[PDB]
>>> print(open('query_2.cif').read())   # mmCIF, C-alpha atoms and all ligand atoms
data_structure
#
loop_
_atom_site.label_atom_id
_atom_site.label_comp_id
_atom_site.auth_asym_id
_atom_site.auth_seq_id
_atom_site.Cartn_x
_atom_site.Cartn_y
_atom_site.Cartn_z
CA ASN R 1 10.43 36.73 139.67
CA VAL R 2 12.99 38.45 141.90
CA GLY R 3 16.47 36.96 142.07
CA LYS R 4 16.12 33.21 142.59
CA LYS R 5 12.47 33.48 143.64
CA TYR R 6 9.41 33.04 141.45
CA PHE R 7 5.97 34.23 142.55
CA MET R 8 2.65 32.87 141.24
CA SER R 9 -0.87 33.90 142.26
CA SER R 10 -3.92 31.71 142.73
CA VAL R 11 -7.16 32.46 140.89
CA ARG R 12 -9.49 31.46 143.71
CA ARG R 13 -9.68 32.51 147.35
CA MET R 14 -9.16 30.12 150.27
CA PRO R 15 -8.19 30.14 153.99
CA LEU R 16 -4.52 30.02 154.96
CA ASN R 17 -4.53 26.29 155.80
CA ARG R 18 -5.62 25.54 152.23
CA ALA R 19 -3.23 28.20 150.83
CA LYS R 20 -0.35 26.46 152.59
CA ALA R 21 -1.44 23.13 151.14
CA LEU R 22 -1.57 24.59 147.63
CA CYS R 23 1.92 26.07 147.63
CA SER R 24 3.31 22.99 149.40
CA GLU R 25 1.78 20.74 146.75
CA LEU R 26 4.21 22.19 144.18
CA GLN R 27 7.01 22.24 146.76
CA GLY R 28 6.90 25.96 147.37
CA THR R 29 5.58 28.05 150.26
CA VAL R 30 3.23 31.01 150.72
CA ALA R 31 5.08 34.13 149.52
CA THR R 32 7.10 35.95 152.13
CA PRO R 33 8.53 39.30 151.01
CA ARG R 34 11.99 39.90 152.50
CA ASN R 35 12.40 43.38 151.03
CA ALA R 36 10.54 46.12 149.16
CA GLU R 37 11.46 44.65 145.78
CA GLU R 38 9.95 41.26 146.59
CA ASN R 39 6.91 42.99 148.13
CA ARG R 40 6.29 44.78 144.81
CA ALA R 41 6.75 41.62 142.77
CA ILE R 42 4.19 39.82 144.91
CA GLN R 43 1.79 42.75 144.68
CA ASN R 44 2.10 42.69 140.90
CA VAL R 45 1.16 39.05 140.49
CA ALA R 46 -1.75 39.36 142.95
CA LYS R 47 -4.84 40.98 141.37
CA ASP R 48 -6.51 41.30 144.76
CA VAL R 49 -5.81 40.97 148.49
CA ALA R 50 -3.64 37.87 149.02
CA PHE R 51 -2.13 35.88 151.87
CA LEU R 52 1.57 36.11 152.71
CA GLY R 53 3.48 33.33 154.49
CA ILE R 54 3.71 35.26 157.74
CA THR R 55 1.87 34.65 161.01
CA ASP R 56 1.97 35.41 164.73
CA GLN R 57 0.19 32.17 165.62
CA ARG R 58 2.98 30.86 167.89
CA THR R 59 3.48 34.06 169.90
CA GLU R 60 1.15 37.07 169.62
CA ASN R 61 2.74 40.10 167.90
CA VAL R 62 5.83 38.08 166.96
CA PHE R 63 5.60 37.59 163.22
CA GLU R 64 7.48 34.79 161.55
CA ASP R 65 7.43 32.97 158.24
CA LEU R 66 5.96 29.49 157.81
CA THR R 67 9.29 27.85 158.66
CA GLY R 68 9.55 29.62 162.02
CA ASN R 69 11.95 32.38 160.99
CA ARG R 70 11.20 35.75 162.52
CA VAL R 71 10.62 38.27 159.74
CA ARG R 72 12.73 41.41 159.53
CA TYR R 73 11.28 43.47 156.71
CA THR R 74 7.63 44.51 157.20
CA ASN R 75 5.26 46.85 155.36
CA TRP R 76 2.28 47.24 157.66
CA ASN R 77 -0.62 49.42 156.55
CA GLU R 78 -1.12 52.34 158.94
CA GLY R 79 -2.85 51.09 162.08
CA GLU R 80 -1.68 47.49 161.66
CA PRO R 81 -1.11 44.94 162.94
CA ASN R 82 -4.06 45.39 165.31
CA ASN R 83 -5.22 41.82 166.13
CA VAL R 84 -8.87 42.92 166.11
CA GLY R 85 -12.01 41.07 167.09
CA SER R 86 -11.34 37.61 168.47
CA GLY R 87 -7.86 37.89 166.97
CA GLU R 88 -5.97 38.08 163.66
CA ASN R 89 -2.86 35.96 163.31
CA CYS R 90 -2.40 35.74 159.56
CA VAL R 91 -1.24 38.38 157.10
CA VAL R 92 -2.42 39.63 153.72
CA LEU R 93 -0.91 42.02 151.22
CA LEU R 94 -3.43 44.73 150.31
CA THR R 95 -3.88 46.06 146.75
CA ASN R 96 -1.59 49.00 147.59
CA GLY R 97 1.16 46.69 148.80
CA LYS R 98 0.81 47.39 152.53
CA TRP R 99 0.05 44.57 154.95
CA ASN R 100 -2.91 43.78 157.21
CA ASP R 101 -3.21 41.08 159.85
CA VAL R 102 -6.43 39.09 159.36
CA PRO R 103 -8.09 35.92 160.71
CA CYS R 104 -6.33 32.82 159.34
CA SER R 105 -9.78 31.31 158.86
CA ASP R 106 -10.81 34.01 156.38
CA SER R 107 -10.42 33.50 152.63
CA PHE R 108 -8.16 35.43 150.27
CA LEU R 109 -6.09 34.78 147.16
CA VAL R 110 -2.72 33.19 147.75
CA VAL R 111 0.64 34.04 146.24
CA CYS R 112 3.07 31.11 146.23
CA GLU R 113 6.85 31.43 146.23
CA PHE R 114 9.27 29.00 144.54
CA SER R 115 13.05 28.96 144.54
CA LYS X 1 11.85 31.45 130.26
CA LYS X 2 9.83 28.48 131.51
CA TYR X 3 9.89 27.27 135.10
CA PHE X 4 8.93 23.69 136.00
CA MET X 5 7.68 22.47 139.39
CA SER X 6 6.65 18.95 140.42
CA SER X 7 3.71 17.94 142.58
CA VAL X 8 4.06 15.78 145.67
CA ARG X 9 0.83 13.80 145.26
CA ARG X 10 -0.40 11.66 142.37
CA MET X 11 -3.62 12.47 140.54
CA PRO X 12 -5.37 11.84 137.21
CA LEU X 13 -4.92 14.32 134.38
CA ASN X 14 -8.09 16.34 134.98
CA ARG X 15 -6.93 17.08 138.53
CA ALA X 16 -3.40 17.77 137.28
CA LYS X 17 -4.80 20.35 134.88
CA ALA X 18 -6.77 21.91 137.72
CA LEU X 19 -3.71 22.09 139.97
CA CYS X 20 -1.48 23.82 137.45
CA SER X 21 -4.22 26.19 136.32
CA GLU X 22 -4.91 27.18 139.95
CA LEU X 23 -1.56 29.02 139.90
CA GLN X 24 -2.13 30.12 136.31
CA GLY X 25 0.29 27.62 134.81
CA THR X 26 -0.27 24.52 132.66
CA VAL X 27 0.83 20.90 132.68
CA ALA X 28 4.43 20.79 131.43
CA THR X 29 4.83 20.32 127.70
CA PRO X 30 8.46 19.96 126.62
CA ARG X 31 9.14 21.52 123.21
CA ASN X 32 12.70 20.24 122.90
CA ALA X 33 15.27 17.95 124.56
CA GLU X 34 16.52 20.70 126.88
CA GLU X 35 13.04 21.22 128.35
CA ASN X 36 12.49 17.46 128.52
CA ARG X 37 15.65 17.18 130.61
CA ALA X 38 14.57 20.16 132.76
CA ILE X 39 11.32 18.33 133.55
CA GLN X 40 13.33 15.19 134.37
CA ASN X 41 15.31 17.26 136.86
CA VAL X 42 12.19 18.05 138.89
CA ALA X 43 10.14 14.84 138.52
CA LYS X 44 11.25 12.17 141.02
CA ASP X 45 8.88 9.58 139.57
CA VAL X 46 6.65 9.06 136.51
CA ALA X 47 4.75 12.28 135.79
CA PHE X 48 2.07 13.66 133.48
CA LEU X 49 2.96 15.94 130.56
CA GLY X 50 0.41 18.32 129.02
CA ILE X 51 -0.10 16.24 125.88
CA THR X 52 -3.01 14.07 124.72
CA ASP X 53 -4.46 12.40 121.64
CA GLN X 54 -8.00 12.72 122.99
CA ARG X 55 -9.23 14.60 119.86
CA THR X 56 -7.95 12.18 117.20
CA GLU X 57 -6.16 8.95 118.03
CA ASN X 58 -2.40 9.09 117.39
CA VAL X 59 -2.42 12.85 116.78
CA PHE X 60 -0.84 14.39 119.85
CA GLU X 61 -1.66 17.91 121.00
CA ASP X 62 -0.85 20.05 124.00
CA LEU X 63 -3.67 21.06 126.37
CA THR X 64 -4.54 24.13 124.27
CA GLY X 65 -5.15 21.96 121.20
CA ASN X 66 -1.85 22.74 119.52
CA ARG X 67 -0.33 19.77 117.70
CA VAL X 68 3.09 19.00 119.18
CA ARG X 69 6.28 18.66 117.17
CA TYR X 70 8.96 17.35 119.53
CA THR X 71 8.26 13.88 120.96
CA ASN X 72 10.46 11.49 122.96
CA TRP X 73 8.54 8.21 122.96
CA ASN X 74 9.88 5.21 124.85
CA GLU X 75 10.64 2.25 122.57
CA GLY X 76 7.32 0.63 121.65
CA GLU X 77 5.22 3.73 122.42
CA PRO X 78 2.68 5.15 121.88
CA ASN X 79 0.75 1.86 121.82
CA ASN X 80 -2.75 2.86 122.98
CA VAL X 81 -3.12 -0.34 125.04
CA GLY X 82 -6.42 -1.89 126.04
CA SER X 83 -9.46 0.34 126.34
CA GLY X 84 -7.21 3.20 125.33
CA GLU X 85 -4.37 5.45 126.49
CA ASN X 86 -4.83 9.07 125.53
CA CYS X 87 -2.61 10.86 128.02
CA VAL X 88 1.16 11.03 128.28
CA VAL X 89 3.70 10.64 131.09
CA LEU X 90 7.42 11.24 131.32
CA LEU X 91 9.05 7.99 132.55
CA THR X 92 12.01 8.08 134.92
CA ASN X 93 14.44 7.70 132.01
CA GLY X 94 12.99 10.75 130.28
CA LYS X 95 11.19 8.80 127.55
CA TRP X 96 7.42 9.06 127.19
CA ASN X 97 4.59 6.56 127.48
CA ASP X 98 0.92 6.99 126.63
CA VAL X 99 -1.33 6.05 129.56
CA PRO X 100 -5.01 6.21 130.54
CA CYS X 101 -5.96 9.79 131.43
CA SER X 102 -7.85 8.35 134.38
CA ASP X 103 -4.75 6.78 135.99
CA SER X 104 -2.82 8.74 138.63
CA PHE X 105 0.73 10.11 138.40
CA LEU X 106 2.77 13.02 139.68
CA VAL X 107 2.30 16.22 137.71
CA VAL X 108 4.87 18.70 136.51
CA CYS X 109 3.50 22.20 136.08
CA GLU X 110 4.95 24.78 133.73
CA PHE X 111 5.04 28.56 134.25
CA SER X 112 6.40 31.38 132.10
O1 LIG Y 201 -9.75 49.20 159.96
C1 LIG Y 201 -8.96 48.11 159.50
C2 LIG Y 201 -9.50 46.78 159.98
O2 LIG Y 201 -10.65 46.47 159.16
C3 LIG Y 201 -11.25 45.19 159.45
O3 LIG Y 201 -11.65 45.19 160.78
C4 LIG Y 201 -10.22 44.07 159.24
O4 LIG Y 201 -9.80 44.06 157.89
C5 LIG Y 201 -9.01 44.33 160.14
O5 LIG Y 201 -8.02 43.35 159.91
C6 LIG Y 201 -8.44 45.70 159.83
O6 LIG Y 201 -7.35 45.96 160.69
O1 LIG Y 202 4.73 -2.71 128.12
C1 LIG Y 202 4.50 -1.31 128.16
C2 LIG Y 202 3.08 -1.01 128.60
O2 LIG Y 202 2.98 -1.36 130.00
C3 LIG Y 202 1.67 -1.13 130.55
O3 LIG Y 202 0.77 -1.90 129.82
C4 LIG Y 202 1.29 0.35 130.43
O4 LIG Y 202 2.20 1.14 131.18
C5 LIG Y 202 1.35 0.76 128.96
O5 LIG Y 202 1.05 2.14 128.83
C6 LIG Y 202 2.74 0.48 128.40
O6 LIG Y 202 2.77 0.81 127.02
CA CA Y 203 -2.25 38.28 166.17
CA CA Y 204 -5.85 43.88 161.12
CA CA Y 205 -4.40 7.14 122.26
CA CA Y 206 1.45 2.96 126.42
CL CL Y 207 -6.35 34.14 163.31
#
>>> encode(input="query_2.cif", output="structure tokens")
Amino acid sequence: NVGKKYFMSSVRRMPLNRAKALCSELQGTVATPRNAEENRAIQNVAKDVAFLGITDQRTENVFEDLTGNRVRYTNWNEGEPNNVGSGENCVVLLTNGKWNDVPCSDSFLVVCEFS
Amino acid sequence: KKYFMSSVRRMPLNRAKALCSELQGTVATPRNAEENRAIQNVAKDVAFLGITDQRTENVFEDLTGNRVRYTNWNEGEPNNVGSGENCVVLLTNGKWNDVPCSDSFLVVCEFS
């Protein structure tokens, strides 16, 4: 927890569409760090690489949260985002806390955020 | 402290357990009136609590097998109607009712 936000991690891996459904089921959303403190809190609850609620699906290289709000704070791993291969429009938080853009169809743990 | 969150969909207890455990929580088990009211605050309709008498009839335990102390049964409950009611839901007035574990209700998950 950070301020009014609570972060919980999943135990199993799944693609972002399913991750979204899971957090939405309990009326939360996929975790979106707004500052370094929240980034650390999310990293701490995630025991492995996990999805964040950030994507550039609507407009390439324009990252926004799942409610359409452009993100301000970012913590990209060196070399990212790189939209490699056929494209990478979702975002995961690596085990060192930095971010990587990855295919939304790939599976990772999910960290959900509740307020 | 404990944090309570309600589901949007209705499901039987086994699925409710699976949902809460997916985010490393458990089905809400109020230990006093304050927590019972906190669960009421988040549940918009009848919802499962993490309590059952599946082991021994009329002996209620939380999902980890710990016998509960605080209870808030609705008048006339628990009545174990018909083929049996071994699960528990929080009614919209905050009182509890024992119901079939196979019936579907909203679920309130608990995290600490
Ligand atoms: O070299 C880093 C590169 O490795 C893989 O290709 C994927 O994880 C990419 O998302 C990442 O950018
Ligand atoms: O009359 C109360 C009775 O109504 C139905 O039969 C069920 O909801 C029971 O669990 C409950 O005890
Ligand atoms: Ca992209
Ligand atoms: Ca990448
Ligand atoms: Ca019973
Ligand atoms: Ca009953
Ligand atoms: Cl993608």
>>> interface_residues(input="query_2.cif", of="chain X", to="chain R", cutoff="12 Å", atoms="only C-alpha atoms", output="number ranges by chain")
X: 1-11, 16, 18-25, 42-43, 106-112
>>> closest_residue(input="query_2.cif", among="R:2, R:57, R:71, R:15", to="residue 37 of chain R", atoms="only C-alpha atoms")
R:2
>>> residues_around(input="query_2.cif", residues="residue 34 of chain X", least_positions_apart="3", cutoff="12 Å", atoms="only C-alpha atoms", output="VMD selection string")
chain X and resid 2 29 to 31 37 to 41 70 72 94
>>> residues_near_ligand(input="query_2.cif", ligand="ligand LIG 202 (chain Y)", cutoff="6 Å", atoms="all atoms listed in the file", output="list in words")
residues 77, 79, 97, 98 and 99 of chain X
>>> residues_near_ligand(input="query_2.cif", ligand="ligand LIG 201 (chain Y)", cutoff="10 Å", atoms="all atoms listed in the file", output="list in words")
residues 77, 78, 79, 80, 81, 82, 83, 84, 85, 87, 88, 89, 90, 91, 92, 94, 99, 100, 101, 102 and 103 of chain R
>>> write_last_selection(input="query_2.cif", atoms="C-alpha atoms", output="PDB file, in the frame of the given file")
ATOM      1  CA  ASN R  77      -0.620  49.420 156.550  1.00  0.00           C
ATOM      2  CA  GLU R  78      -1.120  52.340 158.940  1.00  0.00           C
ATOM      3  CA  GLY R  79      -2.850  51.090 162.080  1.00  0.00           C
ATOM      4  CA  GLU R  80      -1.680  47.490 161.660  1.00  0.00           C
ATOM      5  CA  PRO R  81      -1.110  44.940 162.940  1.00  0.00           C
ATOM      6  CA  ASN R  82      -4.060  45.390 165.310  1.00  0.00           C
ATOM      7  CA  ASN R  83      -5.220  41.820 166.130  1.00  0.00           C
ATOM      8  CA  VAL R  84      -8.870  42.920 166.110  1.00  0.00           C
ATOM      9  CA  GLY R  85     -12.010  41.070 167.090  1.00  0.00           C
ATOM     10  CA  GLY R  87      -7.860  37.890 166.970  1.00  0.00           C
ATOM     11  CA  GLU R  88      -5.970  38.080 163.660  1.00  0.00           C
ATOM     12  CA  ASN R  89      -2.860  35.960 163.310  1.00  0.00           C
ATOM     13  CA  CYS R  90      -2.400  35.740 159.560  1.00  0.00           C
ATOM     14  CA  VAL R  91      -1.240  38.380 157.100  1.00  0.00           C
ATOM     15  CA  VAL R  92      -2.420  39.630 153.720  1.00  0.00           C
ATOM     16  CA  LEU R  94      -3.430  44.730 150.310  1.00  0.00           C
ATOM     17  CA  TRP R  99       0.050  44.570 154.950  1.00  0.00           C
ATOM     18  CA  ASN R 100      -2.910  43.780 157.210  1.00  0.00           C
ATOM     19  CA  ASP R 101      -3.210  41.080 159.850  1.00  0.00           C
ATOM     20  CA  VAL R 102      -6.430  39.090 159.360  1.00  0.00           C
ATOM     21  CA  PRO R 103      -8.090  35.920 160.710  1.00  0.00           C
TER      22      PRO R 103
END
>>> residues_near_ligand(input="query_2.cif", ligand="ligand CA 205 (chain Y)", cutoff="9 Å", atoms="all atoms listed in the file", output="mmCIF file with C-alpha atoms, in the coordinates of the input")
data_model
loop_
_atom_site.group_PDB
_atom_site.id
_atom_site.type_symbol
_atom_site.label_atom_id
_atom_site.label_comp_id
_atom_site.auth_asym_id
_atom_site.auth_seq_id
_atom_site.Cartn_x
_atom_site.Cartn_y
_atom_site.Cartn_z
ATOM 1 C CA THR X 52 -3.010 14.070 124.720
ATOM 2 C CA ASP X 53 -4.460 12.400 121.640
ATOM 3 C CA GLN X 54 -8.000 12.720 122.990
ATOM 4 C CA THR X 56 -7.950 12.180 117.200
ATOM 5 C CA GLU X 57 -6.160 8.950 118.030
ATOM 6 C CA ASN X 58 -2.400 9.090 117.390
ATOM 7 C CA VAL X 59 -2.420 12.850 116.780
ATOM 8 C CA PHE X 60 -0.840 14.390 119.850
ATOM 9 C CA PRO X 78 2.680 5.150 121.880
ATOM 10 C CA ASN X 79 0.750 1.860 121.820
ATOM 11 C CA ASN X 80 -2.750 2.860 122.980
ATOM 12 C CA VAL X 81 -3.120 -0.340 125.040
ATOM 13 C CA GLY X 84 -7.210 3.200 125.330
ATOM 14 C CA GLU X 85 -4.370 5.450 126.490
ATOM 15 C CA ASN X 86 -4.830 9.070 125.530
ATOM 16 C CA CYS X 87 -2.610 10.860 128.020
ATOM 17 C CA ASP X 98 0.920 6.990 126.630
ATOM 18 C CA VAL X 99 -1.330 6.050 129.560
ATOM 19 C CA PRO X 100 -5.010 6.210 130.540
#
>>> atom_distance(input="query_2.cif", atom1="atom CA of residue 47 of chain R", atom2="atom CA of residue 73 of chain R")
22.4 Å
>>> residues_around(input="query_2.cif", residues="residue 108 of chain R", least_positions_apart="4", cutoff="9 Å", atoms="all atoms listed in the file", output="NGL selection string")
:R and (12-16 or 19 or 48-51 or 92)
>>> atom_distance(input="query_2.cif", atom1="atom CA of residue 29 of chain R", atom2="atom CA of residue 32 of chain X")
29.3 Å
